[PDB]
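Reviewing the structure listed below.
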Amino acid sequence: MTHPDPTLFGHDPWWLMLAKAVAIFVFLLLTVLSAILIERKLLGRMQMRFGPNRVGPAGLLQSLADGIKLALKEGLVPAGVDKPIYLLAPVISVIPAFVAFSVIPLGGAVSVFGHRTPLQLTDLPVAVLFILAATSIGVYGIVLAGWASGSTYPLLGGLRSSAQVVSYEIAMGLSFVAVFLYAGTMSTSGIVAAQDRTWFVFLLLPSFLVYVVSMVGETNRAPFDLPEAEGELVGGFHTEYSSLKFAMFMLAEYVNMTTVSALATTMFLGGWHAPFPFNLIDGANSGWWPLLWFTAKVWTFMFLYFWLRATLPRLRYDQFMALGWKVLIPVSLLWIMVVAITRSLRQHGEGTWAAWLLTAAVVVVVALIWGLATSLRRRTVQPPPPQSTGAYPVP
Amino acid sequence: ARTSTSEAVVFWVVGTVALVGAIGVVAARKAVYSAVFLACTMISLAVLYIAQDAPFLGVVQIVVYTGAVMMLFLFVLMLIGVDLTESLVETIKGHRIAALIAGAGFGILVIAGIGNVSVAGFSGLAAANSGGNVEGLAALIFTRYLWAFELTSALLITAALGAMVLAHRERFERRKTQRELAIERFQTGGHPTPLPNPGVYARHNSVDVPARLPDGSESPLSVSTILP
Amino acid sequence: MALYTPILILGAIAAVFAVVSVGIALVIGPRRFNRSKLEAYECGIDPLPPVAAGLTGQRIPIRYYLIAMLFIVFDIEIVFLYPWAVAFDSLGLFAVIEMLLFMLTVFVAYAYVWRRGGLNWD
Amino acid sequence: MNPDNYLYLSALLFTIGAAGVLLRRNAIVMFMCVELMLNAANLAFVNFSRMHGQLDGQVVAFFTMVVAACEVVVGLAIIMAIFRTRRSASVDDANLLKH
Amino acid sequence: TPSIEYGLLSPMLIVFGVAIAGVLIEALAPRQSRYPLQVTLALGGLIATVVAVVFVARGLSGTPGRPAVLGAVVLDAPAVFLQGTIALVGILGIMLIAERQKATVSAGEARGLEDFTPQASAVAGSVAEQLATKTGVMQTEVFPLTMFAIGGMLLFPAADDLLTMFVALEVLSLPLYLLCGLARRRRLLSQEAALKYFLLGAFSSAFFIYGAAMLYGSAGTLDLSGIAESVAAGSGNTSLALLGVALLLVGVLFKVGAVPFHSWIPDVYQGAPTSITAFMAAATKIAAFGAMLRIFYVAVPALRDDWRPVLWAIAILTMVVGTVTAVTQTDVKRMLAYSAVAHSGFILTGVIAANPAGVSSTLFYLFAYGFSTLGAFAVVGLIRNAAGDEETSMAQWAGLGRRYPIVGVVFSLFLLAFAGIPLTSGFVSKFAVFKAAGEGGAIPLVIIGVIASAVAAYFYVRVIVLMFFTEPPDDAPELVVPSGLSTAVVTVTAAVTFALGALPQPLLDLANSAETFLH
């Protein structure tokens, strides 16, 4: 009915909701450790290597080793930095990263210590935009870190972060529109419930693709990776940062990856609902199994991140902004129309017309985008004219 | 009228942050500090909106003002300076005192005009938000205020047109492409072939150091003309 | 209060974690003053004499300023879709047509910007 | 807490924003102060909407946000145009029209 | 579903659709054809609008107006009268805006006679600007912007809700902010004018919205009729109502140009393009005073005893400071701006009347004065120095009439209309407003306005002295026609100014019929 369901949310006792908050925080910490370790090992495998397999049994302690080493490493405060904002920027990056995850549905209702509570820290009438707002706040961490370092390379990194925001944020926002249309709510729990019949990834594929591209953009991950851009700006924004300040920038990056992958899972992959091979199994969607399914989907998205990093080079941030504004935003807006018209027609019994329009629309878009990829980006040009340098004779 | 003590504490802390943020926006000597304080004020006001049973409004505030303050910070770097510290010395004789007096008087008079209002009754918004705050906002926007909603499109078009007319530069001044610059009698590489690097000395290797010509004089071309 | 105090608790946990992490950075591990260490990283080259010109005491032009200005308005405008999207079923055909007209107006603006080279530069 | 406090805060914020427009030469800071003024108006609208048990004030706050964004963009365009010629973003620099 | 009165909204709908279509022309029309379509689209679009208005007027011969969009818009007789006035003034202003260079050997005439720089983003005097001028390029995006301004202004009198009124204020303000900075000549002054106008307009609009918030808190409603019901029934706070009325008055007074808020008008009118200044000084004044009329005759009549004393002072100041400051002015455009301030004061005297005679007098005053101001500024735009810049230095106008008797006589007619001499629409106009004020118990305002008019006649007459009684200087300016559109605008404006002076009962019956707002 109404989402968030008042019979489930807003009733956890102080101790239980504190326990859920601590559990979510610890889950994010463990997931960040695992994300780093598994990413390094998977990059190794995709590059025929083994990755960390010596620091602890099978390298399990490598991520913890790196974290504690950064803790045990000198905390630099370079001269010429805007010290207050320079020290705050890591905190500004971190806090929203954790906050955003508060409205992620990790599972359905479950009974713990005699209380029926959602396997979810909380839910809001506007939860998805709450996540978007938290992530948007988080980018000020990157930008102010770049600016406050008082050096050229961090400044360029922060400027690239701002450009990346301009590139991806509107597309991210427009991606949620179709999800809301089909779910009829902004609550994450309501969106998950709306996907009981089918996952929105099948229904809202263009929205899913735009959102995924915007996810990779938001997390400053390859092939976008612009604010860091190791090969270009040395360290990008987090240059001039060392020890746990850099550690916290990277922690915020990975927590953002996890949060936005979980948001993708919630909005498109049916949240915590069991996949088809397990959906037929009784009790799979109940109890603590939804946690397993949600983690599996989130980690498939993490695998997508790692695979993109291993396979693709990084775009120029002008090219990323061109992708955002000439492809992503127009595609998402056309899809928003198409979806609205389709749903309105279906609600009025038009039937076949919608089934036509939708297909035609996508048939057009994939062609038109192809043009931008092949026609607009012409691969021919005229020869240059000679000059005083007495050029040789060409073949 | 009274609000929940939790809401009272939320208001006190968050509105203290918002007031301090506005004061910083007005008083910060670095424009970037002003932008950061504006972001703080906007986020605090969003939290207050949430506290006042306007969740959608607060969240949208956070999102759009995060974007807008980011853009304003970009324009601060572009037009004022990366870390320029403004003087804030009154350039108009007696204007500072007069402005402070006028501001204080206006604020005092506005507060006096407001007086006690909630004493006249304070309806709980729970009745309206019942059925969804966003649902109610949608019902009002597209039924009672669809005209203003549509006119916001005219506002957007006017903003875009102004940007395109005043800020967008055109062909007569488009920067030369790397291909264009390379092809200028082969200017880029053969016309003063890549300029001599800044001189490298023991105790000095920065880009501001000119190179030494054979006669012992500093080569002008070694150091970029902009550098002091 | 409910439905938000969990967010407040998680935010408190995260803020304590982050501030304590900064404190640990500053307080755990060796600390040794060194002027070369503290000065700005410049790929190993000496930082420019402090002064101020053509950078920190100057401005860094962004060549996508136009797209930033457009981003402001477009971001603030699209948020109309969210209440429309959520209440779509309840509003009915009239609201669908109204939002389609609004979206077509936004499309006219976008097309004018795009076709007149507004999305050029960075 | 008495809800009317929210209005006083707005009255302060608006006031501060007004003072900012008088005190700061930078055009961008002037835009920030105008945004402060409009958001103080939004806070007053939200408080009154809560007071009257209806969402109309919230809708007005939304529309004020739209107006603030559009006005900021137009002001930024004007300031770009001025700066490209004068290489300055100070309001006091545009002093030619006088007396 | 919400019933939409498209017929009633046909005005402002033609205009906004035409503005959108003009933006489409900018987007996807070849350069060489952009201006012919835009001017064809703009002018025709306004002509249609005018027709729509009269049709709506006929529709209103029955019920005394009606809401259109479930509130938020009301087309009553005052609203339709003001919308027709604004449509006509917009037609004339666009005819001014579309004027190109008179002629040249090269075909690249670039809408310059209308003072519009070929590329506003180009640096003033830069090689890019010179090259753009030589190539004959010109930013036709001006025409859509104007439409939007007209659109917003057309809505501003008709807005029946605070939110819609605020949105219309912004919609008309932003295009004007942009247009004030597009002057072809003296680009530095035009950019300064645009910046000043933007800053002060944003300031005033912030005050406007804060006042709307105060009013909403007092009455718990945004509809003007609802606020009237709240204040009359005493259910409101009655302090927030007054504070909101004051803060809203701040915005509307800024738009009309009262002395506490007039300072922007001189600089903006001097710096802005002459055609844009001519169009704006009429249309914006008309729209702002229409909104003020709706506020003070629909929204808050009950608090007349509370806000009437304030307006008095404003009006008084506006009549005194507006006129006295004009006495020593040496610039024609700046002097006309101060005249606009003083005439805002004269309008406010009639608005204070708080009687149907006040509404009729204000409507007629706005019509006649919008026409007169548009014509005066159009004529000012034709006086060109040797360098080609609009010769506004009043001393340089010496002997101008002795060289151009037709234009000199037309400008003298406009000046005497501003001074309020009988046999000019300006006198009938001033008499209407002062009569309304006297009937409304404000005869002290009538006396003060009479003294202010006596003062202002001096600086209105000094121009005629220089034009006709003085010999031309050696380097005296010359007229640039420059095309049929400008001549048509000047002729129509002078003809209206003379006819409404000699034979005012036409359109005065129309103003009388528009004495009643829909409550």
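Proteins come first, then strands; the chains are lettered A, B, ... in the order of their sequence lines, and each starts at number 1.
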- request: Could you walk me through whether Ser34(B) and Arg24(D) pass side chain to side chain contact (heavy atoms under 4.5 Å, CB included), step by step?
  value: CA-CA 11 Å; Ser34(B) 296; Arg24(D) 295 300 299 267; 3.5 Å; yes
How close do [X] and [Y] get, heavy atom to heavy atom, and via which atoms?
X: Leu156(B); Y: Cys70(D); value: N-SG, 3.9 Å
X: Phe75(B); Y: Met80(D); value: CE2-SD, 3.5 Å
X: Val64(B); Y: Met65(D); value: CG2-CE, 3.2 Å
X: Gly121(B); Y: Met51(D); value: O-CG, 3.7 Å
X: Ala11(D); Y: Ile114(B); value: CB-CD1, 4.0 Å
X: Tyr145(B); Y: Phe63(D); value: O-CZ, 4.0 Å

Could you give the distance from [atom1] ([X]) to [atom2] ([Y]), rounded to the nearest 0.5 Å?
X: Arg84(D); Y: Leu79(B); atom1: CZ; atom2: CG; value: 8.5 Å
X: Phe83(D); Y: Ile80(B); atom1: CZ; atom2: CD1; value: 9.5 Å
X: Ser44(B); Y: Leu43(D); atom1: OG; atom2: CG; value: 11.0 Å
X: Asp92(D); Y: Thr91(B); atom1: CG; atom2: OG1; value: 4.0 Å

I want to check something: taking the side chain as every heavy atom from C-beta on, are [X] and [Y] in contact at a cut-off of under 4.5 Å?
X: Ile108(B); Y: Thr15(D); result: no
X: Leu55(D); Y: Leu125(B); result: yes
X: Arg50(D); Y: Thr3(B); result: yes
X: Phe14(D); Y: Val110(B); result: no
X: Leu76(D); Y: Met71(B); result: no
X: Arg96(B); Y: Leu22(D); result: no
X: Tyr6(D); Y: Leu48(B); result: yes

query: Looking at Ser123(B), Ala35(B), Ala127(B), which one has more heavy-atom pairs under 4.5 Å with chain D than the rest?
result: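 With the most close heavy-atom pairs to chain D, the winner is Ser123(B).
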field: Heavy atoms of other groups near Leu100(B) CG, more than 12 under 6.0 Å
entry: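 Yes, because the 6.0 Å sphere around CG of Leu100(B) holds more than 12 heavy atoms from other groups.
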field: Check against side chain to side chain donor-acceptor pair (under 3.5 Å), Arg25(D) and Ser87(B)
entry: CA-CA 10 Å; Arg25(D) 291 186 290 278; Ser87(B) 67; 3.1 Å; yes
task: Assess the side chains of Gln58(D) and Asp53(B): does a donor N or O sit below 3.5 Å from an acceptor N or O?
output: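 Note: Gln58(D) and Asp53(B) side chains miss the donor-acceptor criterion.
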query: Pick from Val26(B), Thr41(B), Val69(B), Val76(B): which one makes a side-chain contact (heavy atoms from CB on, under 4.5 Å) with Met32(D)?
result: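 Result for side-chain contact (heavy atoms from CB on, under 4.5 Å) with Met32(D): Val76(B).
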- request: Take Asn2(D) and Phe122(B), measure what side chain to side chain contact (heavy atoms under 4.5 Å, CB included) needs, and give me the verdict at the end.
  value: CA-CA 10 Å; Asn2(D) 177 269; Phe122(B) 195 88; over 6 Å; no
- request: Using the side chain to side chain donor-acceptor pair (under 3.5 Å) rule, take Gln61(B) and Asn42(D) through it: C-alpha gap first, then chi angles, then the decisive distance, then the call.
  value: CA-CA 10 Å; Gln61(B) 176 85 357; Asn42(D) 295 352; 4.7 Å; no
message: Under the criterion side chain to side chain contact (heavy atoms under 4.5 Å, CB included), I'd like the reasoning laid out for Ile28(D) against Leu72(B): C-alpha separation, chi angles, the key distance, then a yes or no.
response: CA-CA 7 Å; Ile28(D) 315 305; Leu72(B) 286 164; 3.9 Å; yes
